[PDB]
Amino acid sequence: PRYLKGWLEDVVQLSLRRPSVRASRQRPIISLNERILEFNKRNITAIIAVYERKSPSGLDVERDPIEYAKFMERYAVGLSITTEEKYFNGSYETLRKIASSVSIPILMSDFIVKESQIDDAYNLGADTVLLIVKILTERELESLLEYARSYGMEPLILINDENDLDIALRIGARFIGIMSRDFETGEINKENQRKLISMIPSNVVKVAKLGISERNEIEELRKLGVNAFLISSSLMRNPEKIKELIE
């Protein structure tokens, strides 16, 4: 990985030593990026609903994961399940349980630094994984991208700034998420997010990552070319808000 400090360095240390699981996948790969385009074709707002109990940005919500997932199955284009344990209070068991109960695509959201975590994702039922440019070297990103693709996943490559974007396009990422915060400060910077979205080629599937969201913000981002929205806080606090955001 790359040089890091603060809590990011700690979480990467944890990921490096995270033990791999042995498990049989129970369902085929359901492609998240392909379902997004199908939603786009029919002009249905495509929202990836995040399940996470905690976040360093202050989220703290206890909520039945199955009740949430089965609700979201009726409206969301996919689910993102955070499996980082120390700062997001996620677990592999939660991913496995949700993956065995819904039939929409599942993004495993963690700090992936080694191939065995992608094995974990596949074995537990995820349909794709998140890769973060800021914690990986370019050569690591390229290797893990190819590794994920060998399983038939197209990973979501998460970018924060223009240097991230250059790396992402150089390695051939086809599915790119754009952050609205930066990791170290946590400060929201929506101007930078809109700036980056406009620099991405139109044939890349683009995902805007948001905590709090409103319909007018969604509409503006869609006009700028965003294909889908990865939304956490608004929906963890108020699942039913997804109806307003779509209609």
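Numbering starts at 1 and runs along the sequence shown.
Note on 42-50 vs 197-205: mean CA B-factor is higher in 197-205. 134-142 and 152-160 differ in mean CA B-factor, and the higher of the two is recorded for 134-142.
Annotation for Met179, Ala69, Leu221, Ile212: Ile212 ranks highest, by Cα B-factor. Ranking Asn123, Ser116, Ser101, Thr82 by Cα temperature factor from the entry places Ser101 first. In the deposited entry, the Cα temperature factor of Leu32 places it in the middle third of its chain's modelled residues. Annotation for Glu93: C-alpha temperature factor in the middle third relative to the rest of the modelled chain, per the entry. When all modelled residues of the chain are sorted by CA temperature factor, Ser15 is found within the lowest third. Per the deposited record, the Cα B-factor of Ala228 falls in the lowest third when ranked against the other modelled residues of its chain. In the deposited entry, the Cα temperature factor of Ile167 sits in the top third of values across the chain's modelled residues.
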